[PDB]
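Protein chains in written order, with the UniProt record's numbering: chain A, 1 to 185; chain B, 7 to 85.
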RNA sequence: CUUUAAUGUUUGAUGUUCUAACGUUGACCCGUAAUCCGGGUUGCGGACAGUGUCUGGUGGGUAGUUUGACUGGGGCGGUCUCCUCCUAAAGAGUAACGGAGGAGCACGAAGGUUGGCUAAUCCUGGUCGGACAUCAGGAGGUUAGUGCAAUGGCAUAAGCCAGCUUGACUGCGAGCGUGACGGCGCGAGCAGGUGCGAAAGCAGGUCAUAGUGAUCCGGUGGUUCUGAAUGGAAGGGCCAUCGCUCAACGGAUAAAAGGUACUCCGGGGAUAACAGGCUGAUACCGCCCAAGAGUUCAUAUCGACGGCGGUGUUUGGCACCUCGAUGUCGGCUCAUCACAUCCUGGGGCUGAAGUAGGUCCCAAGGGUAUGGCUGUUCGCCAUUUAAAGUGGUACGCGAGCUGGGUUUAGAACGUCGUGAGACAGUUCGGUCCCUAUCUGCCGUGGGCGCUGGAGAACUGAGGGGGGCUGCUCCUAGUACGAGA
RNA sequence: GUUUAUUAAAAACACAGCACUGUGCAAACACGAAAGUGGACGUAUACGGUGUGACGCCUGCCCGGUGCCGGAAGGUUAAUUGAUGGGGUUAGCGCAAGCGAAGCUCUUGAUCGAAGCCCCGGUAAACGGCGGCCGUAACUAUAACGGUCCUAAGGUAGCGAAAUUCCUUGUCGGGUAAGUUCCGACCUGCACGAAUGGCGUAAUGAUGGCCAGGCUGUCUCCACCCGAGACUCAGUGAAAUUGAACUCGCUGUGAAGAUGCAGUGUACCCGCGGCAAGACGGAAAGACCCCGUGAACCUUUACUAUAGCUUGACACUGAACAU
RNA sequence: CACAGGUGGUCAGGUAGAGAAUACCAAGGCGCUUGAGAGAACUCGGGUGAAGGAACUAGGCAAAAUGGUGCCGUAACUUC
RNA sequence: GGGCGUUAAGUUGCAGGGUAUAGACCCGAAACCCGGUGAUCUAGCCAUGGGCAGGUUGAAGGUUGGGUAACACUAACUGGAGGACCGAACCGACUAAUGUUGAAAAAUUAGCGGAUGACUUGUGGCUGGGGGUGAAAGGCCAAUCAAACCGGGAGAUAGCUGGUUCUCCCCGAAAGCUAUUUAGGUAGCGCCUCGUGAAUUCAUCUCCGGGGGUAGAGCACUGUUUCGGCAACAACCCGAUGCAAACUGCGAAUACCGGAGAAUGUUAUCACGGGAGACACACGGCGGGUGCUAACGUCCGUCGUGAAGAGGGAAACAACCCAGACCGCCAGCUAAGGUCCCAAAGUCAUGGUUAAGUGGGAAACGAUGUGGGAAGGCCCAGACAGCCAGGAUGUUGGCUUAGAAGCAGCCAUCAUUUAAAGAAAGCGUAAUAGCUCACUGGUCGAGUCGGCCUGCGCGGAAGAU
RNA sequence: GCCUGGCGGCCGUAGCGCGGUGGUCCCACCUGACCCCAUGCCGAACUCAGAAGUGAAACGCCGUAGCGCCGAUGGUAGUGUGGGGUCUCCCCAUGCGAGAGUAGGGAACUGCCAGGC
Ligand SMILES: CN[C@@H]1[C@@H](O)[C@@H](O[C@@H]2[C@@H](O)[C@H](O[C@H]3O[C@H](CN)CC[C@H]3N)[C@@H](N)C[C@H]2N)OC[C@]1(C)O
Ligand SMILES: [Mg+2]
Ligand SMILES: [Mg+2]
Ligand SMILES: [Mg+2]
Ligand SMILES: [Mg+2]
Ligand SMILES: [Mg+2]
Ligand SMILES: [Mg+2]
Ligand SMILES: [Mg+2]
Ligand SMILES: [Mg+2]
Ligand SMILES: [Mg+2]
Ligand SMILES: [Mg+2]
Ligand SMILES: [Mg+2]
Ligand SMILES: [Mg+2]
Ligand SMILES: [Mg+2]
Ligand SMILES: [Mg+2]
Ligand SMILES: [Mg+2]
Ligand SMILES: [Mg+2]
Ligand SMILES: [Mg+2]
Ligand SMILES: [Mg+2]
Ligand SMILES: [Mg+2]
Ligand SMILES: [Mg+2]
Ligand SMILES: [Mg+2]
Ligand SMILES: [Mg+2]
Ligand SMILES: [Mg+2]
Ligand SMILES: [Mg+2]
Ligand SMILES: [Mg+2]
Ligand SMILES: [Mg+2]
Ligand SMILES: [Mg+2]
Ligand SMILES: [Mg+2]
Ligand SMILES: [Mg+2]
Ligand SMILES: [Mg+2]
Ligand SMILES: [Mg+2]
Ligand SMILES: [Mg+2]
Ligand SMILES: [Mg+2]
Ligand SMILES: [Mg+2]
Ligand SMILES: [Mg+2]
Ligand SMILES: [Mg+2]
Ligand SMILES: [Mg+2]
Ligand SMILES: [Mg+2]
Ligand SMILES: [Mg+2]
Ligand SMILES: [Mg+2]
Ligand SMILES: [Mg+2]
Ligand SMILES: [Mg+2]
Ligand SMILES: [Mg+2]
Ligand SMILES: [Mg+2]
Ligand SMILES: [Mg+2]
């Protein structure tokens with residue numbers, strides 16, 4: 001437990017929280033021009049629900065059409081039978097080694113639910129990150145008080161802390177912003 | 007922080023290099039923590055607690071080497 | 001007489017009653033055609049209360065003070081004494097807030113002496129024994145061990161074992177080493193007596209270098225030293241010795257924490273803040289190699305891993321100049337320079353059809369936005385624009401403007417503190433001086449000089465001003481383009 | 001209403017109201033060494049002190065610490081009294097060694113000894129405090145719920161990005177063309193919270209912030225004009241400052257930002273009206289910073305003292321009786 | 001200081017006016033102890049502004065505006 | 001034995017250097033203490049008088065009528081409350097401007113708040129300084145306030161600042177050590193001055209005698225590190241290669257200590273005593289810690305200089321180069337640095353380089369620039385360039401891939417035909433195609449290609465009056 | 001002069017390893033052991049009384065270079081004084097001059113006494 005170690009700790013925890021952010025974001029239907037949308041889509045195969053990607057390939061040739069290439073044909077069938085089963089309302093097409101899923105222009109209602117989802121998630125993220133600092137800071141107070149760090153040493157530590165926090169918030173900001181553009185595109 | 011301190015003077019060397027007036031007992035060498043660095047021999051001897059090459063009766067410092075396996079060895083002949 | 005009670009008596013505790021001290025800010029009288037004061041009478045209280053000497057507690061109500069230093073400004077953090085090594089340039093010694101560690105003790109044996117002994121580790125072979133217990137041989141050679149740091153030393157061993165012991169003795173000390181000094185260290189030998197050994201000899205503590213406290217003030221033991229008229233004695237001296245993390249460890253007192261923005265005084269640019277300077281790790285800008293992406297294709301555009309520079313421009317470092325005062329940020333106002341060029345001008349390359357771009361080179365003529373939000377600069381946003389450049393100029397500009405930010409005194413919140421107060425947290429309020437001598441600008445005259453004196457008109461060496469750009473039409477709906 | 005006369009008028013003080021608490025009168029308290037005096041020619045519906053600050057709805061949990069109130073049975077303890085043992089000295093006993101009474105003395109402290117403290121109970125409109133950690137629901141996320149460490153108790157009602165919110169312009173909505181302010185929300189309350197009061201609240205306010213209509217030279221963007229100086233003349237007639245001035249630009253140099261040094265360029269001599277870029281211009285031995293074994297006020301469980309408050313002994317101070 | 005500051009009480013005319021406000025006057029007292037010119041920038045105190053109208057600014061600072069009597073009529077809210 | 005002592009000439013005046021006590025060189029605090037003077041300012045309070053133009057709102061109570069069993073209640077009129085309203089006087093002080101050597105040590109002007117009240121004012125009184133008074137700011141207490149003013153203790157104290165007065169001559173530092181509530185002060189030591197004593201004493205050079213563990217090197221030791229060799233991935237050990245302040249089986253120069261000797265040096269040396277100042281040092285060279293082998297950085301060692309040294313040199317420049325100023329000289333020679341002009345001295349001589357204004361700023365890297373020196377390869381069986389011809393077959397190699405046919409990628413990279421002919425060097429296609437390349441024949445008719453050692457240049461090279 | 005023993009000198013080209021060799025002279029080992037004296041068990045070592053035995057071991061010699069060890073000449077590093085160029089580094093003048101390594105050396109050399117031939 002050292003200043004540096006704590007530092008790595010804050011960066012870590014924030015990385016995990018940020019990752020949860022991406023999890024929630026990709027779990028959404030922007031202007032649906034994203035392949036990550038169906039990434040986590042675990043499909044039933046061999047008795048288990050394998051996450052689509054480890055079974056198919058999702059790429060967006062054009063902003064209005066998503067495709068899921070599956071080296072295995074039998075998996076392709078069951079894949080489509082999974083791209084739906086949700087608010088996605090995506091209709092996979094069977095043609096060759098992949099699935100052609102047209103992204104219908106998104107309704108304004110679902111647009112509502114979608115943009116909002118992007119903001120609610122964005123702030124949620126920030127909250128976590130901020131609290132992370134709060135904790136990190138306390139830990140620092142106890143550290144300088146315990147190890148006897150010059151007012152300059154401790155304050156310096158604080159500066160480093162805030163720095164980390166600020167960066168991550170920036171990351172959550174971008175992710176939320178880009179994801180949003182997709183939903184608004 | 008937590009890194010400094012140090013001993014003090016403590017000479018411990020030759021105070022009578024080669025033949026000297028070597029009074030009834032000078033030193034000719036106080037290199038303590040030793041026995042072989044300056045072995046006792048000849049008219050001179052002593053080598054007190056702090057392994058200080060005493061040096062008996064008056065004469066002249068010699069500085070030898072005699073004795074298996076090098077061995078400094080010091081003594082004080084006369085003129 | 002001893003162990004117990006009764007009456008005499010005494011005296012101590014609590015507790016009641018009494019008046020005669022003591023009080024009465026009840027009533028009345030006289031002094032006196034007084035409200036004080038005094039004396040008297042009566043009532044009340046009454047040995048209490050109260051006061052004096054002493055005395056335990058309480059006692060920021062008040063009062064005198066303390067509240068360390070080094071410190072790469074101060075504070076914080078750390079440090080302050082002693083020992084070991086390196087820094088220490090082969091004698092001694094040498095600095096930092098240099099790099100690493102230890103000590104404040106341990107031992108009646110772990111001391112002495114005499115006699116004897118010698119490890120570590122590995123291989124091989126052996127009940128249980130296995131990685132390593134003990135045993136046997138061989139190699140090996142002190143790489144062990146040494147009470148505890150580090151250094152150096154150690155076989156004649158200090159390392160290890162046992163027997164007998166008290167030299168861990170007393171008085172001294174030739175002569176040296178080392179300190180400013182106080183002191184500290186080494187010491188053969190001499191005298192007295194000890195112990196070990198046949199003896200020569202060795203032993204004045206440990207292998208050595210840390211294991212520490214001066215003085216004062218007293219305590220205890222010894223001594224015909226002294227002893228205030230004398231004999232004693234108290235006490236003083238002398239010798240032995242005890243008492244201080246006096247550790248901020250040369251130790252100011254026995255005894256000491258803080259606040260100041262209500263502040264103040266003497267000093268310092270010996271010393272922080274601003275701006276200048278030195279520097280330039282950092283920062284910004286440029287270049288080197290070219291694995292990679294670029295469909296293919298290193299170098300159109302970009303570039304990993306690493307290399308080298310330039311600038312003074314960021315974040316810093318130093319503390320050189322100002323602390324007998326160099327006004328801080330922002331805005332306003334008026335600028336001036338640089339070019340690492342934002343626009344417009346000229347070009348090379350293209351992953352340049354065109355129109356539009358991307359990138360490099362050249363170029364400093366001139367030009368280079370209004371508002372919303374905040375004190376902001378910056379920044380985000382709204383809408384313009386050919387474009388809304390980057391930077392130097394004491395982060396240009398207060399003897400030109402403002403005074404919103406920001407450091408006085410008021411006040412409040414969160415917050416911390418027992419608290420005074422405190423905050424690079426917040427909040428509402430909060431006096432911005434100068435008639436310009438010199439330089440320099442800007443304008444405007446007076447002299448004299450240009451060789452006789454005039455009235456004029458020119459020449460033109462030089463110097464300055466000015467140098468922006470949109471959009472529309474025609475070329476031509478043409479070249480180009482599959483079209484658009 | 002009051003206030004920093006002379007930078008602060010306020011969100012500060014004060015107030016009516018509230019609550020606690022002391023006070024039986026010769027009151028409490030306060031001035032005073034004292035006498036005495038205010039309190040008050042008042043007397044608990046009165047007076048003092050403290051905190052809060054109309055009004056409305058209200059005012060939770062903590063007595064562990066500190067203080068204050070009540071108890072003091074026991075533990076400890078002042079002066080005081082001085083039992084008791086030790087010592088100096090000396091009559092005498094003794095070549096002497098030593099012993100030693102009496103008296104005078106030095107010392108020892110038994111014993112007696114109140115309050116206070118310890119102790120025992122209370123007290124928060126007294127000073128003052130009011131938590132961490134882990135698990136769980138059928139999308140998920142969340143967790144009424146369970147459990148676990150420890151408190152004197154673990155912040156209730158209410159309120160919350162607030163005069164308290166660092167991250168911060170938090171996110172959302174309203175306003176706008178655009179809003180780091182503003183208004184309404186959410187609650188993740190760095191670090192609101194119930195008389196050092198919580199939340200509201202009509203009226204009031206030279207009070208803080210936000211918006212609008214009107215209004216305009218505030219501004220785009222200045223123009224004209226009337227008067228006072230400014231300018232010329234006549235009279236009188238200052239000021240600060242000042243080592244000496246024969247008082248140019250630049251580039252470098254330099255105690256590190258030059259009118260005076262080096263190099264160079266430039267410039268005939270002197271006024272008047274204007275401007276303030278420099279003379280680190282003028283003004284005040286820097287108020288910031290640090291230093292001095294400096295200073296002054298101030299705090300307090302810094303230290304040592306002390307007024308005051310209160311304890312007991314003896315004195316003034318006596319007579320009895322019960323146990 | 002022959003200083004635009006400070007200094008208690010008394011008296012209370014005419015017109016208009018609510019009026020000891022204010023404006024013009026009576027009685028009464030005065031032109032403030034440097035004057036003459038000129039008609040600059042600029043400072044000071046003012047009058048007026050095309051169009052626009054807070055774009056100013058930390059902030060509408062300051063200016064501009066509003067203003068009287070009678071009558072009509074006047075919201076949330078409220079301790080009425 | 002060892003320490004302290006032993007014909008050691010003292011002593012009293014006079015002049016002077018020093019010290020102690022005193023104001024102790026002089027000028028200066030902020031404060032502390034004592035005794036008085038002040039409430040004609042202001043702050044409270046006491047007593048007694050005075051003042052508020054005008055305008056407005058309309059409470060409580062009352063009377064009559066309604067209403068009530070009677071009270072509530074109600075409506076008119078009456079009444080005339082209020083820290084009530086508007087607003088002069090009067091009191092106050094919210095804003096702006098102007099003034100800031102003012103008209104004025106707080107005002108003027110235009111706005112502004114209260115204005116029958118906790119109002120305002122005249123008169124006189126009472127509160128006294130650690131005290132007062134305070135609707136509380138530390139505010140007022142006579143333009144003075146976190147302790148008024150006046151006089152005194154008093155020349156408080158001031159390790160701080162400033163300043164310290166005539167002339168000449170001789171010598172001449174330190175900016176260190178160790179202590180220090182010590183760090184900008186002090187005290188002993190060191191260094192200076194003066195006096196009195198003392199010996200070849202002291203210095204340099206020569207030789208003689210010493211110990212040494214730095215530079216360097218080396219890698220047995222302590223670690224570190226490679227590469228190989230006997231390890232169900234690597235220690236040990238073998239050998240080959242490096243590394244170290246806290247490594248050393250090696251080891252300088254060198255300094256230092258001692259002995260002898262020559263010369264030289266107005267005793268330089270040692271001791272004692274009177275008098276000091278000093279205990280911020282700065283730069284440069286070398287050996288170094290730190291810092292970035294950054295800083296006109298910081299800290300030690302050591303030498304020189306400045307400090308305390310002028311002169312000449314480096315443009316200008318306390319330290320760096322030369323060189324130490326007794327004075328006068330219109331003499332002569334030299335150091336450093338210089339010799340075309342400003343500007344003293346060669347437009348000097350000999351051979352060579354350089355062509356960029358290099359000279360007269362800068363790196364990695366980049367280039368048929370160019371001077372010198374050695375050496376190699378291929379070549380009239382024709383080298384080198386250019387020019388004409390050729391570059392085929394298995395085969396589109398296998399895999400991979402939608403396709404991969406020399407040329408996405410992986411593997412292989414042979415054989416045949418030959419004068420030569422890569423399972424192919426780049427471009428290119430979706431893949432082929434196609435184009436160019438290796439290399440080969442002829443032509444051509446004498447040299448050509450790159451390396452090496454060295455000297456001088458070029459680019460890279462952007463800043464603010 | 002051979003050989004050996006004791007004591008020293010000097011402390012590696014004196015040591016180590018490998019082979020040969022010496023013995024009733026001297027040394028060893030060895031015989032025995034109640035005894036002097038000895039074992040933290042042991043006559044192993046110390047200690048004593050001494051046959052027989054034998055040079056095995058140990059030791060003393062001789063040869064041998066595989067491992068140590070010594071070690072140039074030259075050249076290199078560094079360095080004192082002087083000077084010069086440069087970012088930390090180096091060059092020149094001049095004295096001094098390692099280490100490592102190369103050539104090579106090298107299987108000790110001695111003095112006193114005593115005892116045998
Ligand atoms: C963190 N949120 C918590 C929520 O998780 C829940 O927490 C309770 C916690 O307060 C209890 O705690 C209670 O019991 C403790 C002793 N066992 C002492 C403290 C007391 N509050 C736990 N026993 C059970 C939790 N589920 O209820 C209270 C809350 C504040 O909302
Ligand atoms: Mg006090
Ligand atoms: Mg005092
Ligand atoms: Mg200090
Ligand atoms: Mg040394
Ligand atoms: Mg020891
Ligand atoms: Mg000390
Ligand atoms: Mg001062
Ligand atoms: Mg300075
Ligand atoms: Mg600075
Ligand atoms: Mg300066
Ligand atoms: Mg350019
Ligand atoms: Mg604006
Ligand atoms: Mg803007
Ligand atoms: Mg000004
Ligand atoms: Mg302000
Ligand atoms: Mg004021
Ligand atoms: Mg005011
Ligand atoms: Mg209050
Ligand atoms: Mg309140
Ligand atoms: Mg409460
Ligand atoms: Mg709000
Ligand atoms: Mg607006
Ligand atoms: Mg005039
Ligand atoms: Mg005149
Ligand atoms: Mg200059
Ligand atoms: Mg002016
Ligand atoms: Mg000035
Ligand atoms: Mg000053
Ligand atoms: Mg006049
Ligand atoms: Mg006049
Ligand atoms: Mg207009
Ligand atoms: Mg206004
Ligand atoms: Mg006025
Ligand atoms: Mg009014
Ligand atoms: Mg009066
Ligand atoms: Mg005195
Ligand atoms: Mg004085
Ligand atoms: Mg070395
Ligand atoms: Mg040395
Ligand atoms: Mg000093
Ligand atoms: Mg010093
Ligand atoms: Mg120094
Ligand atoms: Mg320096
Ligand atoms: Mg000439
Ligand atoms: Mg040049």
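We put the beta carbon where it would ideally sit given N, CA and C, even for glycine.
Identify the residues that DSSP records as bridge partners of residue 204 of chain A: which are they? Residue numbering for chain A in the displayed model covers 1 to 185; residue 204 of chain A lies beyond these limits and cannot be assessed.
What separation, rounded to the nearest whole angstrom, lies between the Cα atoms of residue 31 of chain B and residue 40 of chain B? Here residue 31 of chain B refers to the residue found at position 25 when the second chain is read from its first residue. Here residue 40 of chain B refers to the residue found at position 34 when the second chain is read from its first residue. The straight-line gap from Cα to Cα measures roughly 19 Å.
Give the single residue among A:44, A:138, A:50 whose Cα lies nearest to the Cα of residue 10 of chain A. In the first chain, the residue the question calls residue 10 of chain A occupies position 10. Measuring from the Cα of residue 10 of chain A, the nearest candidate turns out to be A:138.
Residues near residue 36 of chain B in its chain [Cβ-Cβ closer than 8 Å; skip 5 each side]: Taking the first residue of the second chain as 1, we reach residue 36 of chain B at position 30. The residues are 17, 18, 19, 21, 56, 58, 59.
Given this structure, state the Cα-to-Cα distance separating residue 160 of chain A from residue 27 of chain A, to the nearest angstrom. Taking the first chain and counting its residues from 1, one reaches residue 160 of chain A at position 160. Taking the first chain and counting its residues from 1, one reaches residue 27 of chain A at position 27. Their backbone Cα atoms lie some 33 Å apart in a straight line.
If you check the beta carbons only, do residue 66 of chain B and residue 25 of chain B fall under 8 Å apart? Taking the second chain and counting its residues from 1, one reaches residue 66 of chain B at position 60. Taking the second chain and counting its residues from 1, one reaches residue 25 of chain B at position 19. Yes; because the gap between Cβ atoms is below 8 Å, this pair is in contact.
Terminal residues of the continuous beta strand (DSSP E) containing residue 101 of chain A? Taking the first residue of the first chain as 1, we reach residue 101 of chain A at position 101. Taken as a continuous stretch (DSSP letters only), the beta strand (DSSP E) holding residue 101 of chain A covers 98 to 102.
Do you know how far the Cα of residue 167 of chain A is from the Cα of residue 36 of chain A? Indexing the first chain from 1 puts residue 36 of chain A at position 36. Indexing the first chain from 1 puts residue 167 of chain A at position 167. Those two C-alpha atoms are separated by around 24 Å.
Quick one: give me the first and last residue of the beta strand (DSSP E) that residue 69 of chain A is part of. Your numbering for residue 69 of chain A matches position 69 in the first chain. Counting along the chain, the beta strand (DSSP E) containing residue 69 of chain A begins and ends at 65 to 69.
Kindly list the residues whose CB is nearer than 7 Å to the CB of residue 180 of chain A, restricted to its own chain and excluding five residues on each side of it in sequence; keep chain order. To locate residue 180 of chain A, count along the first chain from 1; it is residue 180. Correct list, in chain order: 115, 118.
Could you please give the first and the last residue of the uninterrupted alpha helix (DSSP H) stretch that includes residue 173 of chain A? On the first chain, position 173 is the one that residue 173 of chain A refers to. Per DSSP, residue 173 of chain A belongs to the alpha helix (DSSP H) from 151 to 183.
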